[PDB]
Ligand SMILES: [Mg+2]
Ligand SMILES: [Mg+2]
Ligand SMILES: [Mg+2]
């Protein structure tokens, strides 16, 4: 039940973010998430730099399509399922 | 088993962060998570701005109460359940 | 099935990040995740400070070993399991 619902919810979610604009769950072949830590420094010559942390979720489709998902939506729906709540209301 | 435990753990968690200060699982009606990407820029007039990324988890109760949960606690307990470990020890 | 797979995947993951360099799932006794919000300010004397947000996942082993896991890998594999996809491919 929950895997059906989550897969359909993720497919609905990336359909809005994009072959057709509409994505089906069977097309979902992978998920990649990267967390980039922040960094702040100064070169030996005085140039300051600040790299803000980044969280990126990429969904890969069987046809090679790659589409970003919203990390907040992803975490929200993991928590909803963990609590027995409706996904992607 | 795991949904019971997670719901009770989240209710315990937000009870400490708040009708009574104590929240019950049946009261939990929604969860909202937002991820705000960082941003850095400069206006055309030279004003610099830096917006740090933000991760926010909001739990909604049937009585309209909204209470923030700690994002680290949330992710920790998702991982604990995924590993068969005790939640919210 | 999924708890077996997740536990084995996490053990494989931290084995690469470290008694032996290889970690077994039965050794995994805890997980701790902290989210540190960003902060930006200025002291009353003009010193600026900027603390970037941080997400840290620490796995604890029965022998007291503590090892950091990659937060992106963790979130990725939660999402993979939620979608019925292979973990840690
Ligand atoms: Mg960037
Ligand atoms: Mg803010
Ligand atoms: Mg630091």
Some residue of the range B:4-18 being within 14 Å of chain C (Cβ to nearest Cβ), touching a strand residue (DSSP E or B) at 6+ places or on another chain (Cβ under 7 Å), under 28 Å from residue A:34 (Cα atoms) and exposed (fewer than 10 other Cβ atoms within 10 Å of the Cβ): no
Scope the range C:22-51; condition more than 22 Å from residue C:72 (Cβ to Cβ) and under 26 Å from the mean Cα position of the chain (by Cα); matching residues: C:22, C:24, C:26, C:27, C:29, C:39, C:40, C:50
Residue list for the range A:26-41, restricted to those being over 17 Å from residue B:55 (Cβ atoms) and either within 16 Å of ligand 3 (Cβ to nearest atom) or part of a loop (DSSP other than H, G, I, E, B) (or both): A:39, A:40, A:41
In the range B:41-57, residue farthest from residue C:26 (Cα to Cα) [restricted to those that are surrounded by fewer than 18 Cβ atoms within 10 Å (Cβ to Cβ) and within 14 Å of chain C (Cβ to nearest Cβ)]: B:48
Condition broken by residue C:44, with the remaining ones in (1) within 30 Å of residue A:48 (Cβ to Cβ); (2) assigned to a strand (DSSP E or B) satisfied: (2)
Residue in the range B:66-88 that is within 14 Å of chain C (Cβ to nearest Cβ), surrounded by 14 or more Cβ atoms within 10 Å (Cβ to Cβ), part of a helix (DSSP H, G or I) and within 16 Å of ligand 3 (Cβ to nearest atom) present: yes
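Every number in this text was worked out from the coordinates using simple rules, so none of it is lab data. Counting neighbours? That spans all protein chains shown, and the Cβs are built from the backbone with ideal geometry, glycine included.
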